[PDB]
$ cat data-v9.txt   # compact mmCIF, C-alpha atoms
# COMPACT_ATOMS: atom_id res chain seq x y z
CA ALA A 21 90.71 102.86 92.98
CA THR A 22 90.64 106.65 93.24
CA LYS A 23 91.39 109.06 90.38
CA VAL A 24 94.61 111.06 90.68
CA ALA A 25 94.80 114.75 89.83
CA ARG A 26 97.21 117.65 89.55
CA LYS A 27 96.63 121.06 91.09
CA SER A 28 94.91 123.35 88.61
CA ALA B 21 101.99 98.54 95.90
CA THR B 22 104.57 100.89 94.46
CA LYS B 23 106.07 104.07 95.99
CA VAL B 24 105.11 107.40 94.42
CA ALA B 25 107.71 110.06 93.72
CA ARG B 26 108.06 113.67 92.62
CA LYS B 27 110.63 114.67 90.05
CA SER B 28 113.92 115.38 91.79
CA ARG C 28 85.22 105.23 75.25
CA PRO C 29 88.99 104.95 75.79
CA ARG C 30 90.62 104.55 79.18
CA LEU C 31 93.25 107.22 78.40
CA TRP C 32 92.97 110.60 76.68
CA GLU C 33 94.81 113.85 76.02
CA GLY C 34 94.90 116.16 79.05
CA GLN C 35 94.25 113.36 81.55
CA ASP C 36 96.25 113.24 84.78
CA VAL C 37 97.85 109.84 85.30
CA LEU C 38 100.39 107.92 87.28
CA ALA C 39 103.14 106.41 85.12
CA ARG C 40 105.62 103.74 86.19
CA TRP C 41 109.18 104.92 85.52
CA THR C 42 112.28 102.85 84.80
CA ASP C 43 113.28 103.20 88.47
CA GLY C 44 110.14 101.30 89.48
CA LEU C 45 108.45 104.37 91.03
CA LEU C 46 105.16 106.03 90.11
CA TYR C 47 105.30 109.66 88.91
CA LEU C 48 102.35 111.92 88.23
CA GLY C 49 102.02 113.39 84.77
CA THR C 50 99.61 114.45 82.03
CA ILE C 51 98.86 112.68 78.76
CA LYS C 52 99.85 114.79 75.77
CA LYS C 53 99.26 112.25 72.95
CA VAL C 54 97.60 108.83 72.66
CA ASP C 55 98.89 106.30 70.08
CA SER C 56 96.39 103.45 69.78
CA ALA C 57 98.40 101.46 67.21
CA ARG C 58 101.44 101.16 69.50
CA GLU C 59 99.45 101.40 72.75
CA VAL C 60 101.73 104.11 74.14
CA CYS C 61 101.13 107.64 75.34
CA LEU C 62 103.38 110.68 75.33
CA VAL C 63 103.29 111.68 79.03
CA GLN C 64 104.53 115.06 80.30
CA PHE C 65 105.94 114.98 83.83
CA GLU C 66 106.21 117.63 86.56
CA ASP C 67 109.64 118.76 85.31
CA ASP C 68 108.14 119.21 81.79
CA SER C 69 110.02 116.18 80.47
CA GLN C 70 108.06 114.05 77.99
CA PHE C 71 108.44 110.31 77.37
CA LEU C 72 106.55 107.56 75.57
CA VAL C 73 105.05 105.13 78.09
CA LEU C 74 103.21 101.88 77.41
CA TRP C 75 99.49 101.96 78.22
CA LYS C 76 99.98 99.09 80.68
CA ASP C 77 102.25 101.32 82.77
CA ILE C 78 99.80 104.29 82.86
CA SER C 79 96.90 104.50 85.27
CA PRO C 80 94.34 107.30 85.81
CA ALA C 81 93.51 105.93 89.27
CA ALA C 82 95.28 104.31 92.19
CA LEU C 83 94.44 102.31 95.30
CA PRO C 84 96.40 103.43 98.37
CA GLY C 85 98.37 100.54 99.81
CA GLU C 86 101.48 99.46 101.65
CA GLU C 87 104.60 97.69 100.40
CA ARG D 28 110.44 103.24 112.31
CA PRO D 29 107.39 105.29 111.31
CA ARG D 30 105.38 104.84 108.13
CA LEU D 31 105.43 108.59 107.38
CA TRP D 32 108.27 111.10 107.66
CA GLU D 33 109.36 114.60 106.65
CA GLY D 34 110.47 114.89 103.03
CA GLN D 35 108.49 111.80 101.98
CA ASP D 36 106.46 111.95 98.79
CA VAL D 37 102.88 110.75 99.28
CA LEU D 38 99.47 110.67 97.71
CA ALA D 39 96.88 112.54 99.77
CA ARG D 40 93.11 112.34 99.42
CA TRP D 41 91.62 115.82 98.99
CA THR D 42 88.14 117.07 99.87
CA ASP D 43 87.10 116.58 96.21
CA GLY D 44 87.72 112.84 96.61
CA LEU D 45 90.78 112.88 94.32
CA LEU D 46 94.38 111.87 95.03
CA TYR D 47 97.05 114.57 94.74
CA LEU D 48 100.81 114.06 94.97
CA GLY D 49 102.61 115.98 97.70
CA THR D 50 105.47 115.95 100.19
CA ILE D 51 105.24 115.58 103.97
CA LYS D 52 106.50 118.69 105.78
CA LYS D 53 105.60 117.86 109.39
CA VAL D 54 104.37 114.78 111.27
CA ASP D 55 102.10 115.07 114.34
CA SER D 56 101.71 111.65 115.97
CA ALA D 57 99.54 112.92 118.82
CA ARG D 58 96.85 114.01 116.34
CA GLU D 59 97.83 111.58 113.53
CA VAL D 60 97.96 114.34 110.93
CA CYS D 61 100.71 115.51 108.61
CA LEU D 62 101.32 118.90 107.08
CA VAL D 63 101.46 118.10 103.35
CA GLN D 64 102.84 120.48 100.73
CA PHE D 65 101.32 120.09 97.26
CA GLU D 66 102.65 120.97 93.83
CA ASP D 67 101.24 124.53 93.92
CA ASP D 68 103.16 124.98 97.22
CA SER D 69 99.90 124.98 99.20
CA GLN D 70 100.15 123.27 102.59
CA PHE D 71 97.32 121.58 104.47
CA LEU D 72 96.84 119.29 107.44
CA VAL D 73 95.75 115.80 106.33
CA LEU D 74 94.90 112.79 108.50
CA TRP D 75 97.34 109.86 108.36
CA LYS D 76 94.49 107.62 107.15
CA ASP D 77 94.26 109.68 103.95
CA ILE D 78 98.04 109.73 103.20
CA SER D 79 99.80 106.90 101.36
CA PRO D 80 103.48 106.67 100.33
CA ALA D 81 102.56 103.84 97.96
CA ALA D 82 99.76 102.93 95.61
CA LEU D 83 98.43 100.14 93.44
CA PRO D 84 97.65 101.45 89.92
CA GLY D 85 94.18 100.51 88.80
CA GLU D 86 90.71 101.40 87.61
CA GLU D 87 87.91 103.16 89.48

$ encode --input "data-v9.txt" --output "structure tokens"
Amino acid sequence: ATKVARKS
Amino acid sequence: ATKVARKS
Amino acid sequence: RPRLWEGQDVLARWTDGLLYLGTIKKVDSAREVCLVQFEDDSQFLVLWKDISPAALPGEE
Amino acid sequence: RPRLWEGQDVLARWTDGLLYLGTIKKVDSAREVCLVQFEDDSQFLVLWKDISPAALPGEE
């Protein structure tokens, strides 16, 4: 699985 | 697998 | 080292069955819930089992 | 009916290897790319193979 992220 | 969603 | 922590971006399963992206604001290890803040700035307690920092793309 | 469509929310793999949540703005089936708008309102062309409307929560 791949880590999710929000725009910074 | 589950659909992703943005807050509406 | 815990799987979940304050400031982490996560997917959380909502009551409508869908995954929404949010950020952990508090971790409660006794109850195994996190306070998650969502994109609309709402905040809800979500069970650890329904929070994931990672996802595998896939089809329904 | 196509897998991807305008207005659809999707995860997209970014050049940093991470998944970001966005919305499909345009679909180009000749090139198999979509224009994806992200939460900061940025818009980029992303290959279909790196776009998923659904995911399996999990661990890296």

$ interface_residues --input "data-v9.txt" --of "chain B" --to "chain C" --cutoff "6 Å" --atoms "all atoms listed in the file" --output "list in words"
residues 21, 23, 24 and 25 of chain B

$ atom_distance --input "data-v9.txt" --atom1 "atom CA of residue 60 of chain C" --atom2 "atom CA of residue 76 of chain C"
8.4 Å

$ residues_around --input "data-v9.txt" --residues "residue 30 of chain C" --least-positions-apart "6" --cutoff "12 Å" --atoms "only C-alpha atoms" --output "ChimeraX atom specification"
/C:36-37,51,54,56,59,61,75-76,78-81 /D:85-87

$ atom_distance --input "data-v9.txt" --atom1 "atom CA of residue 31 of chain D" --atom2 "atom CA of residue 64 of chain C"
27.9 Å

$ closest_residue --input "data-v9.txt" --among "C:33, C:50, C:28, C:62" --to "residue 27 of chain A" --atoms "only C-alpha atoms"
C:50

$ atom_distance --input "data-v9.txt" --atom1 "atom CA of residue 42 of chain C" --atom2 "atom CA of residue 63 of chain D"
26.3 Å
